[PDB]
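To start, the structure itself, in structure tokens.
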């Protein structure tokens, strides 16, 4: 199976991001993404997303991460396969 | 500002569903739903994703466009204001 993923985001500032996911179809794989969000406090957060890819049974998915605050952020990447 | 859009679906049997758009962050509009994937011959098309709800602006994301196929997928709901 596979596909799905995505969502995440949230928080405020700052916050935001998430997204990504999807891909899959074909023989499956993909998904992932999401995360991001965060912020609050002194601001920052965000990022996440990524994931996706798949369809060919290379894997795909991953991504996410991000979030946190100050600070925080990054994440994303993954996908492909 | 606006939330992340949902991943577009991809072609297959059936075409995959578009993902719902992300909710807007505080003060932001909703993300758009992904379009539905198109179906190969004899296969259904995917549904469009729902638009994401607004983050207080009154502007929800658009529903994704349904994929064509046998039969075609529906468009997604727009996001709540």
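Chains as they are written, first to last, in PDB author numbering: chain D, 1 to 81; chain A, 1 to 81.
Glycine included, every Cβ here is placed at the ideal spot set by N, Cα and C.
Query: Distance, residue 7 of chain A Cα to residue 15 of chain A Cα; Result: 13 Å
Query: Option nearest residue 27 of chain D by Cα separation, candidates A:26, A:10 and A:2; Result: A:10
Query: Bridge partners - residue 82 of chain A, DSSP secondary structure assignment; Result: Here chain A has residues from 1 to 81 only, and residue 82 of chain A is not among them.
Query: Interface flag, residue 6 of chain D vs chain A, CB-CB below 9 Å; Result: yes
Query: Rounded straight-line distance, which links the Cα of residue 37 of chain A to that of residue 24 of chain D; Result: 11 Å
Query: Residue from A:29, A:26 and A:17 whose Cα sits closest to the Cα of residue 44 of chain A; Result: A:17
Query: Beta-carbon proximity list for residue 20 of chain A, same chain, < 6 Å, skipping 5 on both sides; Result: 6, 33, 49 and 50
Query: Euclidean distance between Cα positions of residue 13 of chain A and residue 39 of chain A; Result: 6 Å
Query: C-alpha gap between residue 67 of chain A and residue 56 of chain D, whole angstroms; Result: 21 Å
Query: Residue(s) in a DSSP beta bridge with residue 39 of chain D; Result: D:12
Query: Simplified DSSP state of residue 2 of chain A, which is helix, strand or coil; Result: strand
Query: Inter-residue Cα distance where the pair is residue 59 of chain A and residue 24 of chain A; Result: 9 Å
Query: CB-CB length for residue 70 of chain A against residue 42 of chain A, believed under 8 Å; Result: 6 Å
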